[PDB]
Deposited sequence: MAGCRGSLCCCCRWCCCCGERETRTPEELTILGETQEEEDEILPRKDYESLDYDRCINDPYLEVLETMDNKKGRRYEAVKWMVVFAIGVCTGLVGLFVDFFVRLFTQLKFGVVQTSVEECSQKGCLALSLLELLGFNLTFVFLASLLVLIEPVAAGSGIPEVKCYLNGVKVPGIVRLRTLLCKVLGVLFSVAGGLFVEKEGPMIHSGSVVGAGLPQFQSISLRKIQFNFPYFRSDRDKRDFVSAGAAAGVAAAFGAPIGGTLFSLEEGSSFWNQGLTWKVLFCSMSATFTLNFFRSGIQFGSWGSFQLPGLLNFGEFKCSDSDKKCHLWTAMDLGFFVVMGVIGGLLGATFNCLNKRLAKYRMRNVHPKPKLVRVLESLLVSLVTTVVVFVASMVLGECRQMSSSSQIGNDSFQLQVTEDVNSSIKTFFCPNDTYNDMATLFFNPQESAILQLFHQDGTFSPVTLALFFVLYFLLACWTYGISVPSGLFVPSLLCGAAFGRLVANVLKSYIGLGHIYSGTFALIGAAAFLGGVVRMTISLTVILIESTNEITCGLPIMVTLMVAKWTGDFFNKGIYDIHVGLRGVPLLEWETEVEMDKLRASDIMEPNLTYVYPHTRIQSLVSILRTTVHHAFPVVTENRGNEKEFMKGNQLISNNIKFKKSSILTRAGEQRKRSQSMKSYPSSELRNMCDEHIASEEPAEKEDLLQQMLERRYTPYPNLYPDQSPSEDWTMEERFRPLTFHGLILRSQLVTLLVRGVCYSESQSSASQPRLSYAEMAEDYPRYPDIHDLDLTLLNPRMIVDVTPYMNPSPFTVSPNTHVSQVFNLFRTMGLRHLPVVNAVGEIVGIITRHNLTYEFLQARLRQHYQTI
């Protein structure tokens, strides 16, 4: 599978220079104000999408659970205990079928959006990330998947929905990908903020994934977008559930509550230094479990990609129905039988007489985001056997569910198993060890954080998200020293979910940084000496030939270092372009194999899209007339058909007259970032990653271009293979 990176690097050429000359300070200030307005609109739209999803998820869930409640109440008195199962199965299967059809419509909507957002922020452009149909399919599939009791979440796909909104809103200026990547960073930040209630967590997630040079003017805007999203979602959701409209009573979709201890016990604390030891042991034991999660889930995915994906589209819908059937049967049987109902608004009474409520029913039949509040702020409600069985039956089914053709998330099903484990360990420690003054909410929170660390294996952004979700600043060390321990324990075995699922698809991904040994390798070894080049004043026949034959997206405009009009024009351009030191000072004062691999002086870079745009129009001059005669496309005309540039195969190829010269000098990028063949892989990777650039040319000390480097030359597998070859040769 092949993917095309983003054109993030700014191309400054003659039309851009003309536009810059036209633009003054006042126009720049107006442009910046319009950018602020667009950012605010993106944030508000993300908040409204979150409100939509939450409102219909709650409506459908409450409706189906009320029907099931009445059916159970009647059928238990009758003793049938079967019709309620049939109605629950009907609801679950219908919802899962409606959620899977929408993913069959748009395949990229399957699963959490983070694997498809880590790549776009990396600039890989997975086909179908940012599109209206993808947004509609994911939004309408989340509320039909989580409402079906599939043990999935809503805060995962919110990031992808925010990214799509942020890519879509600015496009009615703002055409270039240099702005689109920033706007999708803002959209992802807004999505995270609306999902978890943490705006700073969202902006740090956007900074961490879209790694680039520090841009304060953009970080301020993305922080504003996150705050606006999380404070319009708050405003609507606290004005709908309650009666007060102006109040801001509840944060985004996932909130933990108020972590306060009872005032009766003065000795009680949120956490103490002595408990910190447990916070590392829960970090390891949880982290190992996270690794086990990976060890299962990957083994499932590689199965499906070999036995489920290459099957007719009728399959991948039967699998979703099977998963829904199994999870519904497991939930119903576990609540009916294994549930140990004890004596007494989210309290469920099932299958046993009055003044008795099933803890299992309160865990399963409540919403997942409402089964975390009980695990955090209720003590004595849950027996150890119930917690153990809930952890077992919510860990296997979570592994089995993720990957099927429905929208899903992995932050609630991972925050719930961890919370159950923390509650279980707190109960065990309180009972057997007898260590008093253990606030079980802290242990449940630490278990949830450790399980996220083991499964997701994120840092910085995850720590901030958790800290701002807890709404406590004193719980900053226990949360972070367990994320770090879980990450270090789970890194010995295998990577995280998102890294695994972006490596399975074959996406060319640049890692965070290189190892120590990579500096042994030089930039002369990862480049490709064989080049496809475009002369200035080249023939149109040569352009169409190299465009149809080759699939590269950028060509170095070069001149040979060692017809008549073409050669004369190239020589004149070479003489005029070069700027000597003495000439510059004077200006300031005035005020076969050898033929195949030929010395070529590097002059610039021209994209395939720009060449196609030139070919479509009549931008070309006959050899008889001078090079001055050119239509001279402006910036606006060259930016037309931006989202989808025409292909060379699409173009008619009949109207174009071959053997007629075309000038590519005014439109190329005369000053791209260049590296020497002696540069080490660390510096090359640093430029290619932080600058977000593409098609880095390697030029030696004589000025001749000696190679070209793209993302495919800097992938981890390529570096490992080249390092192994370097070791073998010496």
message: Please give the gaps, as residue ranges numbered from 1 in the deposited sequence, where no C-alpha is present.
response: 1-45, 218-230, 403-422, 641-648, 678-730
